[PDB]
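Proteins get letters first, then strands, A, B, ... in listed order; numbering begins at 1 in each. These numbers come from the heavy atoms of this one structure, side chains and all, not from hydrogens, waters or symmetry mates.
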Number of protein chains: 2
Amino acid sequence: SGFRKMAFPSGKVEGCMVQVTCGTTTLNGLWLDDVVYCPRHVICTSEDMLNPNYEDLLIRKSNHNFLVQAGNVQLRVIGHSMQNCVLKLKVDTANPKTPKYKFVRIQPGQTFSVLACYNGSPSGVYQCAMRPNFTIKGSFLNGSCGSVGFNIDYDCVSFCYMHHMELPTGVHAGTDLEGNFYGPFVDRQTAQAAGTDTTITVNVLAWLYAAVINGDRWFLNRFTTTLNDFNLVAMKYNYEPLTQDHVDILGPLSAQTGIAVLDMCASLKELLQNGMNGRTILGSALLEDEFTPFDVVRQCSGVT
Amino acid sequence: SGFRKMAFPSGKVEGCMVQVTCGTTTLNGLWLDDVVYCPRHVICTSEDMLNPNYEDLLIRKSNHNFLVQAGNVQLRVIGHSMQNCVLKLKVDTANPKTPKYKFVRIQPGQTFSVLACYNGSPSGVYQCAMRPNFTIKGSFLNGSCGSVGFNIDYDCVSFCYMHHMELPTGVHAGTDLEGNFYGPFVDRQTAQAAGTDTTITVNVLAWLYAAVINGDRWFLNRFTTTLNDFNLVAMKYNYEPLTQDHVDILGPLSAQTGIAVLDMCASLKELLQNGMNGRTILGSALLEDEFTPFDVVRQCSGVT
Ligand SMILES: Cc1ccncc1NC(=O)CN1CCCCC1
Ligand SMILES: Cc1ccncc1NC(=O)CN1CCCCC1
């Protein structure tokens, strides 16, 4: 009973967080095996920020300029390299707390947990979605760069995001763990257009199934729709067009509840066209899109 | 930039979770030092649930009947005692991962993080409020009993909640770590009245300050109010009456934003009387009450 915006347990990631200082700037690093990963802008100063020449700035740095501290203990840096927008600092000691892990590039519309950190110390954990336009709407202040996003499958942490930037709009941008930005963004202090965003339709449908499972059923109706008809409504309301691949991933939820996907689409269509009429669904007064079908199945079945 | 429903990092609590089995039933236990704490209903069977005679059921149990497993390793139980609705199982080994901790009884209206667990394994973490009527609106399934709620202050975990029950309404009830229920509840399978609940006014005001800090300002107006006038509106809308102690705890937010507490009350009064007119505040289409003033200051300042 109940449905919450649940994050993965953060302990495995907490054991990987370190502080990285280069010159003036301190941000977070991720220590896995004998490598510390961090955003490359740790090597910048204020005059560099409008458009840093990262290759030249890094040429001025030596291994001993990267101060890496794992809580109390200092790590000895024996190599450094820049890969896309991340720095990889080779250290002489493997992290004893390295969990089983993978680096993955997530798709827009997928969700993950963020462990927000400052000075290598964890502050809090929250769940969010990668928007269809590749931005994230997080909670990050100065010093949070290098905090990571991740998912967990049994004892394996799949790292998918490293935080690099707050755009002038207050929205967030970052990279995969190979330093490739999600979206069109570059690590410099400039206004940068984020694409037109959309609402993640398959996630809203998954959340309506979570609602029915938990007893919030007022939005169920006597109607059905088709993919074509629903997609005309999705177009009007700036929702992602629904495909058979999305219908297929909703199969487990349709099977559990007995509510055909297109019948749930007809509920969503009515909610888009009429609003909530001052009512709530799972404690929300809007249509929630930060739960994937996998998240709903996991939370509704108690996966550990 | 940004404001999220952030939970505390769960690692310190993950290291304390164990599985407790007595007879048929398996639930979670909390291992701190050489004691494992768990809900006493682990000793019940189905015929007991309507009104268990806990003293008689426990008299049938011996130390060797409590199977306690910390992941892979088995703990040896050398004593057992029932304190209110919790069992305390003395074990022969102190938990090496015991963090600095306290047991606290929280006040209604305060918030905490829950580490939802099944079979002693963490599933996810979320933040919630203890309702004014002492219930919690969590996400808990069968097997989640014994999961705990907590707050963290530097390296000290203050445990405040242990999950015991899902009421027939789907709302949740539990105890402090001495086994005393929050609210009028008893650990038996019966319908039990939860008091009339209210919205946590001081938390809604704190969240409106978080909104202004993050740039959501549309609800600010040219008005002011008084405590008396605001409390007439709070009465109508089932909000907790605001006191000077609440105004005082909002001081830091009023000081940071320059918006007097009673002026923010006038914004809240207008929102209660007129609604949101289809707009959102910090991604919500309702007035959020699960952030205390302390939570807002912590998240807005990056406390670790
Ligand atoms: C202030 C803040 C708040 C939240 N998240 C990130 C930041 N800081 C930046 O974005 C700095 N930025 C990095 C990329 C190159 C230009 C400088
Ligand atoms: C099924 C479930 C889901 C979420 N949270 C808890 C439960 N289980 C119970 O409440 C069982 N209950 C314990 C107290 C004495 C009577 C039996």
Within residues 277-284 of chain A, which residues come under 4.5 Å of chain B, heavy atom to heavy atom?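 Within residues 277-284 of chain A, the residues that come under 4.5 Å of chain B (heavy atoms only) are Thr280(A), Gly283(A), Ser284(A).
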
Could you please state which residues from residues 139-160 of chain A sit under 4.5 angstrom from chain B, measuring non-hydrogen atom to non-hydrogen atom, sorted by number, or 'none'?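 At a heavy-atom separation under 4.5 Å, chain B is reached by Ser139(A), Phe140(A), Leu141(A).
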
Proximity breakdown for [X] and chain A, heavy-atom pairs closer than 4.5 Å:
| X | result |
| --- | --- |
| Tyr118(B) | both |
| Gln299(B) | both |
| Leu286(B) | both |

Quick check for you: among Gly120(A), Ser113(A), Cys128(A), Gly215(A), which has the greatest number of heavy-atom pairs under 4.5 Å with chain B?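 Highest number of pairs under 4.5 Å: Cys128(A).
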
How close do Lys5(A) and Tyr126(B) get, counting heavy atoms only, and between which atoms?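 Nearest pair, atom of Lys5(A) first, then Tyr126(B): O-CB, 4.2 Å.
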
Please rank [options] by heavy-atom pairs under 4.5 Å with chain A and give me the top one.
| options | result |
| --- | --- |
| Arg298(B), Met276(B), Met6(B) | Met6(B) |
| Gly15(B), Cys117(B), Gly138(B) | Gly138(B) |
| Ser1(B), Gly2(B), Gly11(B) | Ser1(B) |
| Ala116(B), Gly275(B), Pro9(B), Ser301(B) | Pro9(B) |

Sub-4.5 Å heavy-atom contacts with chain A: which residues of residues 166-174 of chain B show up?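 The list, in residue order, reads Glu166(B), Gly170(B), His172(B).
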
To the nearest 0.5 angstrom, please state how far the OG1 atom of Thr304(B) sits from the CD atom of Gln19(A).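 With rounding to 0.5 Å, OG1 (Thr304(B)) is 10.0 Å from CD (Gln19(A)).
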
Please, which pairs that meet side-chain hydrogen bond (donor to acceptor under 3.5 Å, both in side chains) have at least one residue in residues 6-16 of chain A, sequence neighbours excluded?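 Matches after skipping sequence neighbours: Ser10(A)-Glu14(A).
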
Donor-acceptor pair, distance only, cut-off 3.5 Å: does the side chain of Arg4(A) make one with the backbone of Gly124(B)?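 Absent.
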
Look at the side chain of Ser123(B) and the backbone N and O of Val303(A), then say whether any donor-acceptor pair between them is shorter than 3.5 Å.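 Such a contact is found between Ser123(B) side chain and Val303(A) backbone.
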
